[PDB]
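Listed below are the residues making up each chain.
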Number of protein chains: 2
Amino acid sequence: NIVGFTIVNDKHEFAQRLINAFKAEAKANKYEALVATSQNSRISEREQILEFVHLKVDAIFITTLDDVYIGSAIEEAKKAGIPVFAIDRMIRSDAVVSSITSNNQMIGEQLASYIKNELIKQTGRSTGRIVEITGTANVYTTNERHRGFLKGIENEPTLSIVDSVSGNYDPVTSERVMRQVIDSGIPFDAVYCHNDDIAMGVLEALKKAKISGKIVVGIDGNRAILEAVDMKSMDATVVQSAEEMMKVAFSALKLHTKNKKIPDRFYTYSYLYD
Amino acid sequence: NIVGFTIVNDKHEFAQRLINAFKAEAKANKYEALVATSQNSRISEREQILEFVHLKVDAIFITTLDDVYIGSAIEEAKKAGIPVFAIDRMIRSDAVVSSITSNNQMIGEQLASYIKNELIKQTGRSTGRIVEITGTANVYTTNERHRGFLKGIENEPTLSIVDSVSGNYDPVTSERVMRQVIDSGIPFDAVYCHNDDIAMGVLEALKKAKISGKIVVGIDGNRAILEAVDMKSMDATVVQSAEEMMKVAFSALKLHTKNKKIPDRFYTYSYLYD
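Residues numbered from 1 in each chain as written, not as in the entry; some residues may be left out. Chains lettered and ligands numbered in written order. Heavy atoms only, no water.

Colleague: Before we go on, may I ask you to explain the overall build of chain A in this structure?
Modeller: A tally of regular secondary structure across chain A gives 9 helices and 12 strands. Considered along the principal axes of its C-alpha atoms, chain A spans approximately 60 × 30 × 30 Å. Residue burial in chain A is summarised as follows: out of 274 residues, 56% are buried. Here the contacts in chain A between residues at least 6 apart in sequence split such that 71% fall between residues at least 24 apart. Total accessible area computed for chain A in this model is approximately 11500 Å², and 47% of it derives from carbon and sulfur atoms. Taking the average location of the 33 positive side-chain charges in chain A and that of its 36 negative ones, the two points are 2 Å from each other. (Helix = DSSP H or I, 4+ residues; strand = E, 2+ residues; numbered from the N terminus. Buried < 20%, exposed > 50% of the residue type's maximum accessible area, 1.4 Å probe, protein only. Contact = heavy atoms within 4.5 Å. Areas by Shrake-Rupley, 256 points an atom, 1.4 Å probe, with all protein chains shown as cover. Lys, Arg positive; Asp, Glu negative; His and termini not counted. Charge placed at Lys NZ, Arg CZ, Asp CG, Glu CD.)

If you want it as structure tokens, here you go:
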């Protein structure tokens, strides 16, 4: 009757979209939704998982801050026969039944091809100098988005990453670090942001430093970024589907209540908005 | 001041979209546009390429039926100093400047992930038997879409292609072939169609056979199929962008004239339409 969901925080707009999607789908599946936010505190996330176990919920959904830190807590859920599903950010552990996320490697690849085409279309040149502002390290979504992009440019001699630094999916951190890249004097033609919060910071850094004409891309599909692209302050953003993640997640849960084989992971579709 | 475009036929809706995109972009680039159709005739395709060369066109765009057959003709264009670009269907020839197409393997992987998810959401089962109806033999697009799909199910032991036959990207051929599959009595849960025209024939075959509940997907994003999926007569299709292929193609032409380095290939974006 009850499914618990703990997520890194209420800040990220995509996190809010995951929360709302969770509430809607739980209801649609006749489960009471219990939502908990860790507000960027691993201790709080660990305790929230342990509380869900103490409450003997039917299942635990998690969008983790650090999958390693909650390892023992998740194993505690497994011990109690409580299925745990990782949402948005994969968690590798036998205590996790399945991970439901976007195909982040594919996203990285699509953005690489996108930047390549936009460079030719917009600059009339083949050479491409890219700056990568990555997400929080040690988070699979970050590793996957980085790998996918590298994969998209590995066989492209005219394309390379000239600087890579972490923006930690945070607008303020991203602005400050993009600022450093700018002060670095390093010449670049494009900026690959690992998510829209990072993008908001990058645009601020570019706007304050009076730097335009750069191809800038993000991920998530958050309102402010969709409008940034609509106003052409930005080129494009890949829209993820919080709704689809929760629908697929609840379908996996159903399979589990039926004792059926469940894929280790599911990928939800995305759509490049330009 | 003319760019020539030769394409297999005028029947496919995607071909029409390619023709319309070519004319629009040719005009946007202040070029006169000549369009020729070979009606699935390799012989007329060759002569059409040779005719463009004779006319001293500034560039030739090709959507071939057999990239090997027109091998000598393309080299002729090169000898005459006429750059050739492959659109939609890749051509493997050092006589070709570049191939602009969708990332067909990615499309195949995208469809594999969709079917896996949809089978579970709709059937409540993880096991899925898939019938694959392919496009014209040994053509880059067909093999790429097949290979991509296989990659997408390689780690799913419960998912398998129970039958794979060709539909020649033709609605009638596809309906007949699908009807043959139905009469063979082979059990199946979904049908992977290499394009929307095949999907049309498949839907017709299932309709007349009074078979419902099968997950059917296509590729192209043609109006008829978009409408079919809206009405839930079909499940989904991956939309390609003929416009984007031409835009990139003309941009490539520009860099080529400035004697710049040009990638052997460009991939245009494609997304899943649900």
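Colleague: Which parts of the structure should I look at to understand the packing of aromatic side chains?
Modeller: For any two aromatic rings, the description comes down to two numbers: the centre-to-centre distance and the angle of the planes. Residue and element names in this part refer to chain A. Counted under the stated rule, the structure contains 16 aromatic pairs over all chains. Between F5 and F22, the aromatic rings sit 5.0 Å apart at their centres with planes inclined by 40 degrees, giving tilted as the arrangement. Of this pair, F5 sits in strand β1 (residues 2-7) while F22 sits in helix α1 (residues 13-28), and the two are 17 residues apart along the sequence. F22 gets classed as buried once you look at its relative accessible area, which sits at 0%. When the centroid spacing of 6.4 Å and the interplanar angle of 85 degrees are considered together, the rings of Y271 and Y273 count as edge-to-face. (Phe/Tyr/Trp six-rings, centres within 6.5 Å; stacked < 30°, edge-to-face > 60°.)

Colleague: What exactly am I supposed to notice about the layout of surface pockets here?
Modeller: Which parts of space are left empty comes out when a probe the size of a water molecule is rolled across the atoms. Counted as a void, the largest pocket has a volume near 1400 Å³. In terms of lining, the largest pocket is formed by 47 residues, of which the most central are A:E109, A:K151, B:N103, B:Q105 and B:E109. Mapped by element, the contributors of at least two residues to the lining of the largest pocket are α4 (104-123), α5 (140-153) and β11 (265-268) of chain A together with β5 (98-102), α4 (104-123), α5 (140-153) and β11 (265-268) of chain B. The biggest single contributor to the lining of the largest pocket is α4(A), with 6 residues. Across the lining of the largest pocket, the residue classes break down as 12 nonpolar, 15 polar and 20 charged. Volume-wise, the second largest pocket comes out at about 470 Å³. (1 Å grid on protein atoms, 1.4 Å probe; cavity = no way out; pocket = protein on both sides within 12 Å on 5 of 7 lines; lining within 4 Å. Points joined across faces, edges and corners; volume = space filled by probe spheres on them. Nonpolar A, V, L, I, M, F, W, Y, C, P; charged D, E, K, R; others polar.)

Colleague: What is the right way to read the interface of chain B and chain A from this model?
Modeller: One frequently used descriptor of interface size is the decrease in accessible area upon assembly of the parts. In this assembly, 30 residues from chain B lie in contact with 29 residues from chain A. Buried surface at the junction of chain B and chain A, both sides included, amounts to about 2600 Å², of which 60% is carbon and sulfur. Between chain B and chain A we count 3 salt bridges in total. Inspection of the chain B/chain A interface yields 13 residue pairs in polar contact. Every element with two or more residues in the side of chain B that touches chain A is listed here: α4, α9 (242-257) and β11 of chain B. Sort the elements by how many residues they give to the side of chain B that touches chain A and α4(B) lands first, with 9 residues. A breakdown of the residues in the side of chain B that touches chain A according to their chemical character gives 11 nonpolar, 9 polar and 10 charged. (Buried area = accessible area lost by both parts, 1.4 Å probe. Salt bridge = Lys/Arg side-chain N within 4 Å of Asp/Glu carboxyl O. Polar contact = N/O pair within 3.5 Å; in protein donor to acceptor, adjacent residues only side chain to side chain.)

Colleague: Sorry, what's going on with the relation of the copies chain B and chain A here?
Modeller: Both copies of the chain are related by a screw-like operation: a rotation about an axis and a shift along it. For the pair chain B and chain A, the relating rotation is 180 degrees, the translation along its axis is 0.2 Å, and the fit reaches an RMSD of 0.5 Å. The transformation just described matches what one would write down for a two-fold rotation axis. Residue B:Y271, judged by its C-alpha, is the member of chain B lying nearest the rotation axis, at 2.7 Å. (Least-squares fit on C-alpha atoms.)

Colleague: Explain a positive patch on the surface here, please?
Modeller: Residue and element names in this part refer to chain A. Together, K30, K254, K258 and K260 line one region of the surface with positive charge. Along the chain, the position of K260 falls in the loop between α9 (242-257) and β11. Judged by relative accessible area, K260 falls into the partly exposed class, the value being 36%. (Patch = residues over 30% accessible without salt bridge, like charges linked within 9 Å, V, L, I, M, F, W, Y side chains within 5 Å.)

Colleague: What should I look at first to understand the nonpolar core in this one?
Modeller: Where a protein is soluble and globular, its nonpolar side chains tend to be buried together. Ranked by size, the top nonpolar core spans 30 residues in total, and within it B:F5, B:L18 and B:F61 carry the most contacts. Looking at this core, the elements with two or more residues in it are β1 (2-7), α1 (13-28), β3 (59-63), β4 (84-87) and α9 of chain B. The leading source of residues in this core is α9(B), at 9 residues. In this structure, B:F5 is in contact with B:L18, B:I19, B:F22, B:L34, B:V35, B:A36, B:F52, B:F61, B:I62, B:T63, B:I87 and B:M246, ignoring residues within four places of it in sequence. Membership of the second largest hydrophobic core comes to 29 residues, among which are A:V3, A:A15, A:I19 and A:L255. (Core = buried A, V, L, I, M, F, W, Y, C linked by side-chain atoms within 4.5 Å.)

Colleague: Would you take a moment to explain unusual backbone geometry for this structure?
Modeller: Note on backbone geometry: most residues besides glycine have negative phi, and most peptide bonds are trans. Unlike most non-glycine residues, A:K210 shows phi in positive territory, near 55 degrees. Of note, A:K210 is situated in the loop between α7 (196-208) and β9 (215-220). By relative accessible area, A:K210 is classed as exposed at 76%. Its identity is not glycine, yet B:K30 carries a phi of approximately 60 degrees, on the positive side. As for its position among the elements, B:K30 is in the loop between α1 and β2 (32-37).

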